[PDB]
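What follows is a set of notes on a single structure, which appears directly below.
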Amino acid sequence: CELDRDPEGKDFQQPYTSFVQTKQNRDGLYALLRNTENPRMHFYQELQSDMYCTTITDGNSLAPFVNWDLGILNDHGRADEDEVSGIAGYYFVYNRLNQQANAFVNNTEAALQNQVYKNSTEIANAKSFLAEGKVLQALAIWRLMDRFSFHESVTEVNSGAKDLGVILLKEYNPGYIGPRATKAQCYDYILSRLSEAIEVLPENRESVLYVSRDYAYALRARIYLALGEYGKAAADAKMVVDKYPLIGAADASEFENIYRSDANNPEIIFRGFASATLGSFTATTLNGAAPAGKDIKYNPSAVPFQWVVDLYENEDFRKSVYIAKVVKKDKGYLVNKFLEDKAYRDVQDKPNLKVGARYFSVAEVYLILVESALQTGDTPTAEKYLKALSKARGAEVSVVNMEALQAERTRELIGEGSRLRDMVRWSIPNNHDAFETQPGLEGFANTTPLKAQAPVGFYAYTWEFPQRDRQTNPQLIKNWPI
Amino acid sequence: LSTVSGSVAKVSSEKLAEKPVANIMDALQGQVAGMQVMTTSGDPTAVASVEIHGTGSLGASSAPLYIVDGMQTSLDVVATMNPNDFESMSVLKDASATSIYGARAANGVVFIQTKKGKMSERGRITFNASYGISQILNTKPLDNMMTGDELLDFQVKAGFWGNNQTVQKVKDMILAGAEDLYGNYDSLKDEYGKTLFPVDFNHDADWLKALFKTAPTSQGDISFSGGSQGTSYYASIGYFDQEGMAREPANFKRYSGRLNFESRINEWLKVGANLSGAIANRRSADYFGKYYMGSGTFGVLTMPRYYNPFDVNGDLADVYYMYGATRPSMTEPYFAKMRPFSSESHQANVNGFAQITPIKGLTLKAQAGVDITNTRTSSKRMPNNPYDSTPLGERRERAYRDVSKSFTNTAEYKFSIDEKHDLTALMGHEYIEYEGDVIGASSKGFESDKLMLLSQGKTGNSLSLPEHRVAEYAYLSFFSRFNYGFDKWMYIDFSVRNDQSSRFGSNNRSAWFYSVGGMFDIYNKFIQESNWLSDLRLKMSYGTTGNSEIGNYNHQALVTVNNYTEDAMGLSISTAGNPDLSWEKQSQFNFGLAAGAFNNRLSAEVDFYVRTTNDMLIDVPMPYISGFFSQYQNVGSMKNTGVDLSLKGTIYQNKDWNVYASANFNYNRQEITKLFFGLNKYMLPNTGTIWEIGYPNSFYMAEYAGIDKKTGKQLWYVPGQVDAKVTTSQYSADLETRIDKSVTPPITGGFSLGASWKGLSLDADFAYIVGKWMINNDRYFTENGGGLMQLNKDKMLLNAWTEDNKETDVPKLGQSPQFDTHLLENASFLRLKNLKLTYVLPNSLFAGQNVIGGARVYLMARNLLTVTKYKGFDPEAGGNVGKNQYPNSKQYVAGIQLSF
Amino acid sequence: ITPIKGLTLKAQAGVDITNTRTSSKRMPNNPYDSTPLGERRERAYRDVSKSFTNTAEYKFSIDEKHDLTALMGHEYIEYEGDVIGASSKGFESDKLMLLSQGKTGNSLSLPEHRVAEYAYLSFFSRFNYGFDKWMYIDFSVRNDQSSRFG
Amino acid sequence: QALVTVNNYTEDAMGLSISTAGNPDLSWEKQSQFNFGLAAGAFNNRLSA
Amino acid sequence: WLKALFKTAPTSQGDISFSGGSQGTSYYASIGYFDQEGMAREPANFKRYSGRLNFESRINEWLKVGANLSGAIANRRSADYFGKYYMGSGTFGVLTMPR
Amino acid sequence: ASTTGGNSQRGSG
Amino acid sequence: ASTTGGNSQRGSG
């Protein structure tokens with residue numbers, strides 16, 4: 001009378017037996033990545049900066065990040081099987097990515113030792129897979145470090161935290177509880193991994209849907225700039241900045257139809273697969289978009305302050321695409337960078353506000369090199385690239401001078417979660433209470449004061465560890481004094 | 001079913017009858033000693049929660065094992081049956097009674113027996129028919145919320161609209177001038193200002209009647225019984241139709257049939273069979289328990305009174321207006337007709353048995369049965385409505401199947417061997433087995449009501465993927481159980497089991513349990529006769545049970561599909577692993593005493609217990625760095641120590657004029673022993689509760705002090721700091737400490753009355769639960785000046801600390817509140833569950849008429865009186881947290897019975 | 001129900017339910033196939049016809065050689081049918097062939113759906129006649145409506 | 001009935017084609033029987049036809 | 001080619017049934033199974049699991065009721081390349097396929 | 001909208 | 001293949 005019952009749908013975990021198996025687990029990892037390094041997940045560190053104010057439509061969904069409600073941001077989020085959101089969710093999905101990747105990276109290494117592959121062509125492809133897993137290992141730890149370890153420039157902290165990283169787990173080991181390792185340990189790990197992969201990935205990108213060597217250098221360049229290694233940041237950026245043309249536009253309308261197209265826009269270095277039936281998603285947090293027949297109507301929970309509008313020259317293409325004058329039909333601006341990609345519509349006539357997961361576009365590598373060059377004293381290759389990017393966008397920049405690098409990086413990366421981290425390296429306090437709201441939206445976007453101030457070196461620019469890992473592991477040093 | 005060592009309760013047919021509700025278990029509230037039942041939703045689709053004695057485990061389930069006529073069913077099935085078919089209910093609450101069962105008997109069992117007609121020689125035929133309505137018990141929540149322009153000045157003064165603005169500017173046209181919205185829709189373009197004002201700062205509207213209604217309930221029954229030589233039959237047919245009081249649609253209706261039969265074939269063989277079945281439409285309203293701008297009880301309180309969802313005729317409009325909206329928001333009736341739903345379940349239950357008695361003592365008995373339930377369900381998004389995102393429709397069709405079949409055949413050889421040496425030896429086996437199934441398909445792009453077949457859909461980017469789910473388990477158990485006699489006073493009985501389950505691995509599925517207990521008849525031995533004391537029995541038992549209700553696949557190391565592209569599949573890692581997962585094992589010690597006085601017309605029983613859960617099944621929360629959420633593990637232990645007592649009386653005051661009374665009580669104290677990863681406490685994140693090895697399972701917050709009359713800010717006691725008691729103003733995470741309440745209420749039980757006269761009757765059953773606390777999550781919103789300022793709030797925010805006003809205790813406007821103790825309420829209550837008033841027609845009115853010979857008249861009422869401690873609709877509907885809740889209901893019935 | 005001697009009132013009802021359910025696969029990876037990708041089709045039928053037929057027959061004699069019976073009642077049949085089907089393709093392993101684990105593009109299909117229903121409403125009457133014990137005469141008459149016609 | 005069904009051309013709007021001819025006057029097919037019969041049994045109602 | 005396309009296929013059935021009655025009440029009851037397998041090597045078969053409970057009773061001298069309930073669980077699979085011309089299948093195959 | 005102002009999450013049902 | 005050589009089509013079933 002045999003009575004063991006196994007589930008339909010699932011299979012057992014086993015060591016990798018055959019090339020084909022390796023390749024499949026490899027897609028599942030790239031599949032997992034699309035729901036991790038995803039625009040919806042960075043909308044938190046976007047709202048917390050000094051650019052937005054909350055409208056009368058919010059139902060306390062954004063106000064905790066926009067207004068620094070520290071009593072909410074301590075515990076914030078969920079990561080059960082019903083929801084995955086907020087700070088808890090950000091913490092979770094990345095650790096899952098490190099863990100699932102650790103399993104890929106190790107099992108493929110094991111498959112090579114046991115000589116499971118068949119010919120030289122499999123074994124070579126295997127090794128390049130292994131290198132791709134190392135880039136994603138690295139992406140996961142750094143994306144966790146950016147939000148959960150203090151910048152080297154912080155005042156009061158919890159006794160013991162000011163030089164620590166994250167719980168660093170380099171193997172598939174879900175049954176581990178340990179303490180956080182040092183900053184010096186994680187940063188050498190992120191960085192070695194990136195380098196071990198660059199010696200192996202081929203020089204020319206093979207698909208825009210898979211980690212390439214061109215991605216690797218652009219990522220390391222991004223990380224160095226956060227560290228401040230302005231010298232090394234520029235030298236990796238150079239390796240790739242010239243391989244991706246900027247968008248060639250004659251007016252605003254021509255710009256919008258290319259920037260919004262994952263398949264055409266020749267600035268994209270790595271993105272996750274997308275169709276209308278797999279891999280699209282709405283990202284309507286910042287614009288409040290909703291279809292009405294074959295039109296589009298707006299009701300946002302945050303609109304930028306007046307001064308964000310004022311970075312953009314009126315003839316700048318981005319002052320109708322990255323931001324768009326669509327609030328109250330035509331009286332104020334909202335951040336429309338994530339409006340749509342029309343290739344994902346179910347029916348051509350009708351908007352569905354679906355977009356794709358983009359991982360690195362070339363406009364960032366330009367703004368990395370300009371800023372690194374300004375610090376290391378290379379004004380030649382620092383207006384060459386700053387004017388080029390500013391002009392191809394419609395408004396070339398007057399002076400090249402780091403005060404203009406700051407406004408131009410802000411102009412290009414709005415909605416992409418870079419302003420908070422930037423205003424910590426540039427030693428900018430919040431000043432939310434002091435800015436002026438858009439005068440066209442009165443009665444709609446009104447002034448709401450802070451619930452905690454954010455002068456420089458305030459601990460709350462870093463997020464607090466989620467109370468699941470605090471509660472489950474009292475060997476963990478938390479970050480906030482409170 | 002019951003043993004003489006153990007503790008047992010029995011409810012009669014009389015308590016399981018009418019009660020205008022699909023949830024039968026609602027009738028057992030405060031009706032069995034140690035049977036704590038609570039219904040957390042006033043939805044007709046709802047089924048109550050039951051914990052016998054204690055809460056058994058921390059991960060695995062604690063509801064009792066439900067058994068009808070020998071086969072394990074489920075509260076969902078039991079609701080498709082007709083209660084006038086139910087003969088009695090037995091609650092087997094210790095561990096000697098539940099010693100032949102084997103699945104989750106750790107939580108007791110609950111045994112339903114269906115009517116089988118008394119043999120007699122004629123025939124009985126009864127007819128029932130009742131009608132009634134559901135209303136709503138609590139109105140107090142909206143007795144003190146700001147009115148139309150009451151909260152405008154609240155909003156203006158806190159500058160939520162504009163920095164400097166006047167009350168009229170804020171309405172004069174900012175939102176009274178979003179008639180520009182209505183004039184873009186052809187329907188309402190020229191009915192704004194005519195028949196339909198959706199904003200109005202004068203006559204503010206009634207949001208409660210806009211979102212809740214008085215809903216009718218109707219049922220009726222016809223049933224035949226009778227028998228003859230050695231053969232009996234019961235038979236009934238009946239219908240039931242209850243409609244939910246929420247205007248958001250909810251309802252439940254069944255059409256019931258039952259044919260019960262048993263026959264003595266000869267003096268060596270005898271067989272039986274009872275067959276049931278129904279046809280039921282259940283539709284459940286499910287925006288409840290979630291926070292949505294204008295829906296639910298949360299809506300009736302928060303929606304501003306200057307938003308008006310009625311036409312000029314006092315009738316519900318198709319749509320109302322907020323401010324800044326794109327698309328007008330549709331009301332719950334018009335939403336319902338733009339978004340239809342129907343399910344139809346086809347339930348079947350067959351049960352048969354065969355007894356064979358070869359030689360005197362042994363009684364071989366084989367039993368089998370089957371439970372089939374195919375349900376089928378359709379749902380549409382109606383094409384072309386003006387208030388939608390697109391004007392293209394869609395349709396979803398699902399197809400469920402559930403087929404659990406059981407065998408249980410025993411062989412019992414009783415026989416004496418003295419005159420004072422009785423004995424029985426019983427022993428057989430069981431085999432349950434289950435298979436489930438779901439299928440779903442979806443299609444979109446429809447352009448007309450008449451052309452919405454599933455195969456007439458758009459073809460591209462409009463195609464979907466099907467739905468599919470598959471589930472199956474099994475149980476194989478062997479048992480044995482002997483009873484012993486010595487004279488007529490001393491009883492000893494001892495039993496032993498062996499359970500295997502498919503929910504555990506191949507090297508961990510078996511587990512043996514055993515029971516031992518005994519009874520002493522102190523009246524038939526040591527006191528042979530008396531003048532006041534009728535009966536007196538002392539009994540005691542101890543046994544090990546077993547709990548298994550988790551999930552069917554929670555022990556394997558599994559991989560699923562995660563697809564990246566459209567041209568090859570991909571694999572991701574899905575579940576953690578645990579080869580060593582096995583049974584959670586409990587153990588009970590029961591010591592009890594029963595007695596009866598006057599003339600066995602004054603009875604009472606008292607039992608004391610200790611229930612220990614060892615080798616527990618926790619869904620152990622894992623650290624997120626691991627990458628998973630949970631994994632079930634044999635980890636920890638727990639204790640429930642308590643006592644229950646029941647007693648019934650008979651104060652009858654005449655000779656035809658009876659007066660009855662009965663009461664119930666239980667107190668259980670919980671205590672955790674071992675936890676997971678070596679911890680001594682573990683807070684459940686975002687819940688307000690904690691599992692500390694300390695004592696029970698209790699709330700975990702920050703003790704709230706008040707406000708500083710000097711600064712207007714908020715204060716909190718600091719945990720562990722005293723004055724020669726410290727207060728702070730900067731909320732810290734480490735301001736939170738185990739408060740000494742407890743989530744699972746500790747005192748359960750009720751009491752009932754009874755009376756009479758010449759026919760006329762009146763009966764009253766009460767029930768209570770004391771020591772129950774809840775977090776009024778709704779007050780997080782209605783009681784703060786820090787956010788969500790679009791919403792209406794409690795009148796009290798009109799006294800917040802300023803500088804010109806300073807002698808109150810509602811804090812300054814600018815701050816948001818925390819989940820502390822201004823939200824822990826005492827959700828304790830006593831309910832008057834039923835209140836009947838029957839009148840059996842005089843026997844002398846059926847004189848010449850040989851057609852009848854029976855009649856009665858009802859006038860019932862359920863949940864009509866409730867003792868509010870809680871400040872928010874219904875204190876039952878919740879536990880842990882009290883969200884946008886679906887209140888329980890009050891009913892007014894009126895039945896009529898015809899007997900012949 | 002037999003109130004008074006001759007008449008025999010008789011009400012009858014019944015119901016016929018039949019839910020069938022059917023699965024079919026093209027097994028992935030065999031060497032002698034067109035592709036090595038599998039597929040699965042799941043169907044769900046339902047048939048529910050219910051009938052009533054209640055008569056009222058009053059037989060009675062009136063002589064010794066004048067027997068008679070007069071019968072007459074009505075019927076109402078009624079039917080509802082139903083089918084549901086879903087298909088998925090691109091499967092790469094025996095253990096992973098759930099219907100929701102299919103390929104996503106040009107691999108998606110359309111569901112299946114069929115719906116059918118009719119009814120019948122008929123009234124009848126039918127008498128028998130006797131004269132002595134040798135001669136019998138009986139005459140009957142109907143009225144049929146059906147949903148199959150306009 | 002005189003009926004129209006869906007015939008879809010593109011993926012961005014539905015189309016209608018003509019599906020069945022029509023016949024409002026359709027009604028019952030009507031039959032009629034005339035039966036004339038004779039039955040008998042012999043020996044001892046143990047030989048019938 | 002005949003043995004290549006057709007087989008000898010087993011068929012099996014069995015039944016248990018109880019009847020009896022008493023004063024004015026009668027019952028029939030049966031349970032049984034059936035399993036016939038098609039002789040075509042191209043798979044075809046039919047199998048049912050049958051139950052039946054028949055009952056009728058005289059309640060009094062004015063009322064009398066009855067009820068008979070049946071039901072089954074059946075697997076029918078039908079071979080359906082027959083009646084069509086395909087190169088190596090069916091009786092058409094046993095004759096036309098070259099030896 | 002969907003005002004998730006607090007919404008403390010049920011832990012017992 | 002599928003040899004529809006003649007295949008006269010059934011008219012009665």
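So you can find residues: chains in the structure tokens are A, B, ... in the order shown, residues in each start at 1, and ligands are numbered from 1 in order.
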
Contacts of residue A:369 at 7 Å (only C-alpha atoms; same-chain gap of 3+ positions) as a count of residues only = 6

message = I'd like the neighbourhood of stretch 169-182 of chain A as a PyMOL selection string, where a residue qualifies if any of its atoms comes within 10 Å (using only C-alpha atoms), though same-chain residues fewer than 3 positions away should be ignored.
response = (chain A and resi 95-96+98-107+137+141+149+161-166+185-187+189+469+472-478) or (chain B and resi 576+622-628+677)

key: DSSP strand (DSSP E) residues within chain E, listed as a PyMOL selection string   = chain E and resi 11-21+25-37+45-58+64-77

key: Interatomic distance (Å, one decimal) between atom CA of residue B:52 and atom CA of residue B:64   = 6.7 Å

Long-range neighbours of residue E:32 as a list in words, 10 Å cut-off, only C-alpha atoms, 4 positions minimum in chain = residues 13, 14, 15, 16, 17, 48, 49, 50, 51, 52 and 72 of chain E
